[PDB]
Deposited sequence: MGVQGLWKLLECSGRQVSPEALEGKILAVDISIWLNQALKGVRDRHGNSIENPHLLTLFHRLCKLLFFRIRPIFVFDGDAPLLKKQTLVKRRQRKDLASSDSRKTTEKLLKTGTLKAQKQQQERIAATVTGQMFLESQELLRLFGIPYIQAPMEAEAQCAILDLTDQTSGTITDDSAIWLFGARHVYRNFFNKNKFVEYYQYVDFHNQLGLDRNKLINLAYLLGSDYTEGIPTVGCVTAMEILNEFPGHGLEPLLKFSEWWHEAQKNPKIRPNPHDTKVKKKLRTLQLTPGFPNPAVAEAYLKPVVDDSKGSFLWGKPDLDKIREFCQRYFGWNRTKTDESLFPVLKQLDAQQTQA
């Protein structure tokens, strides 16, 4: 997912934060990535993963907002029952959620930019291209820490802004475009620095020069194979003006309903009161405290 290689390029701006430091923070969560990750990793694994991660989030007293994907963009190349079961569990835990118009990541980004949230929990590097400022990656991985990324930090460290990120998506490949073969981070940044310009002008100049010929960086730059339509401006316009809902929300966090969560866990996982309570009671004692 995301832009090929972008996280490794942003490595220099990553921070190690511990979950306890996120107490009280309102954070958005893209649940579609969870539902796909747990789909391939047991009868209801998506719901089991969702339950354990909800317990982890509420244990650290985070106030999460789950964001579901809507209609996929045409440029972008799993069941509704899973959506419904997930929303049922979220209501049982008292977690607000929203249905994105289209891209969930773009909606998380707009919640960030409108200061309705303190950031987004996701592993999708494409959220930077939608304008995100604060991202929490690898929240549930094998490490004892979450990776934290601030836009301003890698903007200062690397000079990357939204337009340069979109051009990197053109060069490296993303959900919306295939990217140029063999081109990696070093080559793509060489291309973007060789042809300075605002907006998409770097890639327009690069395509113009590659169509023309067909300098010691141009040496290998004119060995790349470019599609006839490169670059497709629909990609940049989808990244720059994604369909989102930028209205101010009215987010409320209710209290978890212990008995209905017991019933849910019994029906979907086969758990009795005791096994469910083993997971719930630390969460509840952290909340009521």
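The deposited chain is incompletely modelled, with C-alpha atoms absent over 42-49, 86-128, 266-276, 352-356.
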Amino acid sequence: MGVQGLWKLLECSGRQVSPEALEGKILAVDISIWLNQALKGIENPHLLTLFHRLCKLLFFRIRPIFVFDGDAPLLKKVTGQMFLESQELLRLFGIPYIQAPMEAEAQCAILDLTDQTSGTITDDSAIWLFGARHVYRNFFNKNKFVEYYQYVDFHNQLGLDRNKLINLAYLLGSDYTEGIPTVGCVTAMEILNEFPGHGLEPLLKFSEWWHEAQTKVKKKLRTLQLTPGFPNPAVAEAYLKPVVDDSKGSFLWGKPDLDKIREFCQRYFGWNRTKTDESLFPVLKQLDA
From here on, numbers count along this sequence of modelled residues.
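In this crystal structure, the stretch out of 52-60 and 222-230 whose C-alpha atoms carry the higher mean B factor is 222-230.
Judged by mean Cα B factor in the deposited record, 203-211 ranks above the other of 203-211 and 169-177. Per the PDB record, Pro196 has a higher Cα B-factor than any other of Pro101, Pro196, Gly119, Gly94. The PDB entry gives the largest Cα B-factor of the residues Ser86, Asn138, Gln107, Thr79 to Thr79. In this PDB entry, the Cα temperature factor of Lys142 sits in the top third of its chain's modelled residues, the highest group.
Per the PDB record, residue ranking by Cα B-factor puts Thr182 in the highest third of the chain. The entry lists a Cα temperature factor for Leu90 that places it in the lowest third of the chain's modelled residues. Ranked against the other modelled residues of its chain, the C-alpha B-factor of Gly24 as given in the entry falls in the highest third. Per the PDB record, residue ranking by Cα B-factor puts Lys40 in the highest third of the chain.
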